[PDB]
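Observations on the three-dimensional arrangement
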Amino acid sequence: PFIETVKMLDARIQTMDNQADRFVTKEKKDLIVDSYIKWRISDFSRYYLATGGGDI
Amino acid sequence: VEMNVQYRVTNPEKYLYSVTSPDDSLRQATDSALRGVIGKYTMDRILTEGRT
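Before going into details, it helps to say that this report is about the structure given with it. (Residues numbered from 1 in each chain as written, not as in the entry; some residues may be left out. Chains lettered and ligands numbered in written order. Part of a larger assembly, values for the part shown. Heavy atoms only, no water.)

Check the secondary structure of chain B and you find three helices and zero strands. Dimensions of chain B, computed from the C-alpha atoms along their principal axes, are close to 45 × 15 × 15 Å. Out of the 52 residues belonging to chain B, those deemed buried represent 0%. With the model as given, the accessible surface of chain B reaches about 5200 Å², and the carbon-plus-sulfur share is 55%. Computed over 7 positive and 7 negative side-chain charges, the separation of the two mean positions in chain B equals 5 Å. (Helix = DSSP H or I, 4+ residues; strand = E, 2+ residues; numbered from the N terminus. Buried < 20%, exposed > 50% of the residue type's maximum accessible area, 1.4 Å probe, protein only. Areas by Shrake-Rupley, 256 points an atom, 1.4 Å probe, with all protein chains shown as cover. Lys, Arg positive; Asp, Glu negative; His and termini not counted. Charge placed at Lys NZ, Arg CZ, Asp CG, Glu CD.)

What follows is the structure, given as structure tokens:
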């Protein structure tokens, strides 16, 4: 009764990227890189309290 | 040369009832560590391979 809070721990969002990051070759040459990361929640139990809060 | 650090607390009671004023100790030892690393290497090498 008293208070209803269940924040749904979504299992849908898999979109994360790095806007612009720098790296280095062996040949002492600069080369900017960009990539995107895709990831799915797998086992929920450890995942929660593996972060304490579901805040992405 | 300049850098930046990211830090995280695990055991709160050591964060409280130990050396006081945390950011003071953190920053004011990081400077010494940065001197320790930067010292031994030559000017050109610091110019070129600063990131690895």
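Here we take up unusual backbone geometry. One non-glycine residue, A:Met8, lies in positive phi territory at about 75°. Summarising the element assignment, A:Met8 is placed in the segment before β1 (16-21). For B:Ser21, which is not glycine, the phi torsion reads 55° and is therefore positive. Here B:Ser21 falls in the partly exposed class, since its relative accessible area comes to 36%.

Right, let's talk about the layout of surface pockets for a bit. Residues and elements named next belong to chain B. When its volume is computed, the largest pocket comes out at roughly 370 Å³. Lining the largest pocket are 14 residues, and of these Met 3, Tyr 41, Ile 46, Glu 49 and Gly 50 sit closest to its centre. Contributing elements (two or more residues each) for the lining of the largest pocket: α2 (22-38) and α3 (43-48). Its residues assigned to classes, the lining of the largest pocket comprises seven nonpolar, two polar and five charged. (1 Å grid on protein atoms, 1.4 Å probe; cavity = no way out; pocket = protein on both sides within 12 Å on 5 of 7 lines; lining within 4 Å. Points joined across faces, edges and corners; volume = space filled by probe spheres on them. Nonpolar A, V, L, I, M, F, W, Y, C, P; charged D, E, K, R; others polar.)

Quick look at the packing of aromatic side chains now. Enumeration over the complete set of coordinates arrives at zero aromatic pairs over all chains. Taking the ring centre of B:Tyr41 as reference, the NZ or CZ of B:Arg45 above it sits at 5.3 Å. (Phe/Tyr/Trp six-rings, centres within 6.5 Å; stacked < 30°, edge-to-face > 60°. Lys NZ or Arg CZ within 6 Å of the ring centre and 35° of its normal.)

Take a nonpolar patch on the surface next. Judged by side-chain polarity, A:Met16, A:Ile37, A:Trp39 and A:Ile56 come together as a nonpolar surface patch covering roughly 420 Å² of accessible area. In this fold, A:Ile37 is placed in strand β2 (residues 33-37). (Patch = residues over 30% accessible without salt bridge, like charges linked within 9 Å, V, L, I, M, F, W, Y side chains within 5 Å. Salt bridge = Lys/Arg side-chain N within 4 Å of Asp/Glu carboxyl O.)

Quick look at the environment of B:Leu47 now. Its location among the elements puts B:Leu47 in helix α3. Spatially, the C-alpha atom of B:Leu47 lies 9.8 Å from that of B:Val1, the residues being 46 residues apart in sequence.

Function-wise, these values are silent; they only describe arrangement.
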